[PDB]
């Protein structure tokens, strides 16, 4: 009840939270917000590589090789830690609220865990979708076409420019950018 309140307020006044929704600046801020959390995981010393991928279906994904977002459940509440992070209130919860769809995949403790959201509403509980020995977090989102106008597609240059800065403002962090639309790719890292 409290969560759906905060996500409505973001949806109601998105410019407040993400930046201008009509000129691409807010659209691309969506990506940097997701990346910021992967950066924090790298600064804690747990993540060595961040990969940002522009797909051909109007989505972007951000992957890291960190510890993975926690997957534990509150016994008496049911609601998973991952869900709380994605829904509670700039932070990913804002990206989630302004995403037509968002997919979270976590590799942690020998399992792959997945949860889907639509406009920030979880479609089902976090669930096991496989096994792995890798660890890390993958967030993929499709921006709301009710929120964003004029520039609704991700632009490589805007991403490349800010990902490069992010790598030199937190040096030792490797950030790769891949565009599946045309095969363009970059690796940003500084010593």
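Here the rigid core means the biggest group of C-alpha atoms that line up within 1.5 Å when the two forms are laid on top of each other. Positions refer to the first chain, counted from 1.
- After a core fit, the C-alpha atoms in 6 other deposited structures of this protein lie farther on average from the shown form in one of 99-107 and 67-75, namely 67-75.
- The modelled chain is continuous from residue 73 to residue 74, since every residue of the deposited sequence in that stretch has coordinates.
- Per the PDB record, of the two stretches 115-123 and 77-85, 77-85 carries the greater mean B-factor over its C-alpha atoms.
- For the two regions 38-46 and 63-71, the entry's Cα B-factors average higher over 38-46.
- Comparing C-alpha B-factors across 33, 146, 57, 131 in the deposited entry, the largest value falls on 146.
- Annotation for residue 90: C-alpha temperature factor in the highest third relative to the rest of the modelled chain, per the entry.
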